[PDB]
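All remarks here apply to the structure that follows.
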Number of protein chains: 2
Amino acid sequence: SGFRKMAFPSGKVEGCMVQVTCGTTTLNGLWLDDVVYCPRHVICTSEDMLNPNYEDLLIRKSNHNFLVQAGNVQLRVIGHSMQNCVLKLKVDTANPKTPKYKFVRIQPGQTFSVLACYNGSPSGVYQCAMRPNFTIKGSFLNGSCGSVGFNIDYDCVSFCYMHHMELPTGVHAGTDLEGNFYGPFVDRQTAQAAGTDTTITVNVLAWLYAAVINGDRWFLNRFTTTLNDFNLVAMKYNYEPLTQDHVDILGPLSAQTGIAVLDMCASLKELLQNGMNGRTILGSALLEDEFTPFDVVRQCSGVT
Amino acid sequence: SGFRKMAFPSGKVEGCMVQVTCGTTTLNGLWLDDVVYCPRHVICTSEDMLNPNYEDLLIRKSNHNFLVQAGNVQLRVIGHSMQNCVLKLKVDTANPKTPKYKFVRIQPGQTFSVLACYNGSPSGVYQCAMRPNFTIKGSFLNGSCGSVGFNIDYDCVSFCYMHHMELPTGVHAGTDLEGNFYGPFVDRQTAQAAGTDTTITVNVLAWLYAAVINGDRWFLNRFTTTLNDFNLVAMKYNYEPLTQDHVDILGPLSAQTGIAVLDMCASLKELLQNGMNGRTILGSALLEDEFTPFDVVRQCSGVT
Ligand SMILES: CNCc1c[nH]c2ccc(F)cc12
Ligand SMILES: CNCc1c[nH]c2ccc(F)cc12
C-alpha cells in the first residue's frame with residue numbers, strides 16, 4: 001500500500017546524457033546510437049535568442065564547433081543537421097549504453113519522468129505531465145536545456161520531451177525528439193503566454209480510484225451523475241471534458257474497486273462544489289491530476 | 001525555476017538490485033562488492049512471521065537455499081550471516097557495477113530516494129522522508145521488501161534504508177543497512193502502532209524559502225516571532241520544536257532571500273493559525289515537510 005508520485009528508474013537515460021558546448025553555450029545532449037540530440041539554441045548567444053535566424057546562425061558552425069563530452073571523454077563530431085528545433089550531431093562512436101528506444105510525441109494529459117541534468121550530469125528525476133496548454137511544470141535552472149522526458153515499458157525507453165525554455169511565468173516548454181515544440185511555443189526569447197491550465201479530469205478520477213484502493217474513502221458519496229451533467233461542472237471548474245474514451249480507459253479501475261465511473265464522477269463533482277473541508281486524499285489537499293489511469297494500474301500492480 | 005519533489009538519479013542503485021529467494025519467499029537484495037544484503041524475513045513463511053525465532057529458522061538454511069539472481073544470471077552463495085534484521089549473503093563474484101558507497105543511519109526529518117523493486121527489478125523511484133515517528137510513507141506492494149533508500153553525493157551512494165514491512169495503518173518500517181530498524185519496530189506480524197506523526201518544521205521553513213525563491217510570496221507577512229513564541233504554536237499544531245541548530249541550518253536560505261529565519265517562522269505561524277484560505281504554495285495546498293534545507297539549496301543551485 002501507499003501511493004507516491006513515482007518516476008521511472010533513470011539509469012537507462014543516465015547512460016545517454018552528454019554535455020554539448022557550442023561557443024560559450026553549454027547544455028545537455030541525448031546520445032543514442034551515433035547521434036547526439038540537443039536543442040538548436042545551443043548555437044545562440046543570449047543576445048541571438050531575442051530574434052534568432054537559426055539557418056543563418058548554423059551556417060557559421062562546423063562539426064568541430066560542437067564539443068560533445070560523455071563523462072570525461074570527448075566525442076568526435078562527423079556531421080550535423082537541424083531537424084525542426086533540435087540539432088542532430090553525428091558522432092563517430094555509437095553509445096555503448098544505448099538502450100532499446102523509441103521517439104514518441106505525447107498527448108496533453110500524459111505523464112512522463114524528467115531526468116534533470118546540468119553539464120551532461122544527472123541531478124535528479126521527477127514525474128510530471130504534459131499540461132493541456134502544452135507546458136510542463138518542471139524544475140529547470142540555466143544549463144538544464146536538453147534534459148529529457150521519457151517513459152519506460154520493460155526495457156524500451158520512449159523519449160517524449162526535450163527541455164528548451166522557461167516562459168516568463170515560470171512554466172516550461174519543449175519539443176518531442178523530432179524537434180517539434182509541444183504547443184505553440186517557439187525557441188525565441190519573446191512574449192509567449194500560456195493558455196488556460198485546465199485540470200486533467202481523467203487523471204483526477206484515476207487518482208481517486210488509487211485513493212480508494214489505498215484506503216482513503218471519505219469522499220465516496222451516495223450519488224451518481226451522467227457525462228453531460230458532470231461536464232457542466234467540469235467546465236465551470238476549468239476541468240477537461242470527460243469523454244466515453246476516458247470512461248473506457250477507467251474501466252479496469254472501476255472493475256477492481258467495484259465503483260462505477262459515473263459514481264466516481266459524482267464524488268469528484270461534490271469535491272469540486274464543496275471542497276475538501278480541511279481533509280486530505282493520499283496526503284494531498286488538492287485534486288491531483290498528474291497520474292494517468294495507466295500510472296495508477298502500474299503502481300497499484302507493481303510493474304517492473 | 002520551478003520546484004519539484006525530486007529523487008536522486010537511480011542508475012547507480014539499479015545496478016545493485018538482485019532477486020533473493022529462500023524457499024517460497026522472494027524479495028529484493030542489494031549486491032555491493034561480494035555481499036548481497038536482504039531482510040532476514042526472506043527465511044520466513046507467512047505463518048513464521050506471526051512469532052519468528054530467526055536464529056532457529058536460520059539453522060535450517062544452508063548457502064544453497066539462498067537463490068540469488070542478478071538479471072537472468074545466478075550468483076553462487078558461499079557464506080551467509082545474520083546481522084541484526086538483515087542477512088548478508090557472501091557470493092563468489094563482486095558486483096562489477098558496485099558504486100562508491102557508504103552505509104548511513106539517518107535521523108528523523110532527513111530525506112532520501114527509494115528505488116521500489118520487485119523480483120530484483122526496479123519499478124520506480126520516489127523521494128520521501130524518515131518521519132519523526134520512524135516510519136516512512138512509501139509505495140510498497142508485496143515483493144517490495146529489500147528495496148532500498150539512499151542519497152547520492154556526486155559519485156558516492158549513501159544507503160540509509162532497506163524496506164521490511166508495512167504496519168496495519170499503511171505506513172512503512174525498515175532498517176538501516178546494518179539491519180537495525182528505525183524506531184521501535186520489529187520484523188514480526190504483530191500489533192505495532194506508530195506514534196504521532198509530527199511535521200518536520202525545519203523542512204517546512206526550507207520549503208517556504210524555496211517558494212519565495214521560485215516566486216510564490218503571498219504568505220510573507222509584516223510579522224516576526226521568537227523561537228519560544230513560535231514553538232508554543234508548533235507544539236499546538238504537532239510540529240517539531242525548532243532549535244537554534246535548525247535556524248543555523250536555514251542560514252544560507254535566509255541569506256539568499258534576505259528573509260530572516262524568525263520572520264519566516266512568523267509567516268509559518270500565521271499559516272498554521274489561519275490556513276491557506278484556498279490558496280497554494282508551490283502547487284501544494286498543505287505545508288510540505290519532505291524537503292530538507294540541503295534539498296532546497298541543491299535543487300535551487302543545480303548540484304549534479
Ligand atoms: C474546485 N473548486 C473548489 C476548490 C478550490 N480549491 C480546492 C481544492 C480541493 C478541492 F477538492 C476543491 C477545491
Ligand atoms: C495547521 N492547522 C491549520 C491547517 C489545517 N490544514 C492546513 C493546511 C494548510 C495550512 F497552511 C494550514 C492548515
Side-chain angles (χ1 to χ4, degrees), chain A residues 131-132 137 196-212 216-221 223 225 229-242 264-291, chain B residues 131-132 137 196-212 216-221 223 225 229-242 264-291:
Chain A
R131 302 306 313 168
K137 295 206 187 91
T196 308
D197 196 359
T198 63
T199 302
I200 309 148
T201 314
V202 64
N203 289 8
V204 179
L205 288 164
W207 167 87
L208 289 175
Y209 276 110
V212 172
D216 233 336
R217 318 168 52 102
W218 66 260
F219 57 86
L220 294 180
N221 60 31
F223 320 139
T225 183
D229 177 58
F230 176 78
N231 284 333
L232 291 182
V233 181
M235 177 134 67
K236 174 176 150 74
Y237 290 91
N238 281 171
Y239 265 56
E240 284 290 282
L242 196 75
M264 191 68 88
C265 289
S267 277
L268 175 53
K269 175 180 155 192
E270 301 294 300
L271 286 168
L272 289 173
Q273 291 173 343
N274 307 320
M276 273 183 230
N277 287 113
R279 299 186 280 269
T280 63
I281 301 174
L282 289 178
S284 180
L286 289 184
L287 301 165
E288 297 294 308
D289 76 345
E290 299 198 352
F291 292 100
Chain B
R131 302 306 313 168
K137 295 206 187 91
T196 308
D197 196 359
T198 63
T199 302
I200 309 148
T201 314
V202 64
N203 289 8
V204 179
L205 288 164
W207 167 87
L208 289 175
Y209 276 110
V212 172
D216 233 336
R217 318 168 52 102
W218 66 260
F219 57 86
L220 294 180
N221 60 31
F223 320 139
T225 183
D229 177 58
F230 176 78
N231 284 333
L232 291 182
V233 181
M235 177 134 67
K236 174 176 150 74
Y237 290 91
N238 281 171
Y239 265 56
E240 284 290 282
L242 196 75
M264 191 68 88
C265 289
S267 277
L268 175 53
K269 175 180 155 192
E270 301 294 300
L271 286 168
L272 289 173
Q273 291 173 343
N274 307 320
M276 273 183 230
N277 287 113
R279 299 186 280 269
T280 63
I281 301 174
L282 289 178
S284 180
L286 289 184
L287 301 165
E288 297 294 308
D289 76 345
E290 299 198 352
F291 292 100

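First the proteins, then the strands, lettered A, B, ... as listed; each starts at 1. Note that these values count all heavy atoms, side chains included, but never hydrogens, waters or copies made by symmetry. Order of listing sets the numbers, starting from 1, for every ligand and every atom in it.
Remark: minimum distance from atom 1 (C) of ligand 1 to any protein heavy atom is reached at A/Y237 CD2, 3.4 Å. When hydrogens are left out, the protein atom nearest atom 13 (C) of ligand 1 is A/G275 CA, 4.3 Å; that is the closest non-hydrogen contact.
The option from B/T199, B/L272, B/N277 that lies nearest to atom 3 (C) of ligand 2, judged by heavy atoms, is B/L272.
One N or O on the side chain of A/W218 and one on the backbone of A/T280 form a donor-acceptor pair closer than 3.5 Å.
Counting only heavy atoms from C-beta outward, the side chains of A/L271 and A/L208 approach each other to under 4.5 Å.
For ligand 1 and A/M276, the ligand atoms under 4.0 Å from any heavy atom of the residue are 9 (C), 11 (F). Near B/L271, meaning under 4.0 Å from any of its heavy atoms, are these atoms of ligand 2: 10 (C), 11 (F), 12 (C). Below 4.0 Å from some heavy atom of B/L286 lie the following atoms of ligand 2, by number and element: 8 (C).
Using a 4.0 Å heavy-atom cutoff, B/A285 is absent from the residues neighbouring ligand 1.
Checked against A/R131 for a side chain to side chain donor-acceptor pair (under 3.5 Å), the options A/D289, A/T199, A/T196 give a single hit: A/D289.
Closer than 4.0 Å to atom 7 (C) of ligand 1 lies none of the heavy atoms of the protein.
Open room surrounds CZ on B/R217; 12 or fewer heavy atoms of other groups in view lie less than 6.0 Å from it.
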Taking it one step at a time, do A/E290 and A/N203 satisfy side-chain contact (heavy atoms from CB on, under 4.5 Å)?
CA-CA 6 Å; A/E290 299 198 352; A/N203 289 8; 5.6 Å; no

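Across A/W207 and A/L286, no two heavy atoms sit closer than the pair CH2-O, 3.4 Å.
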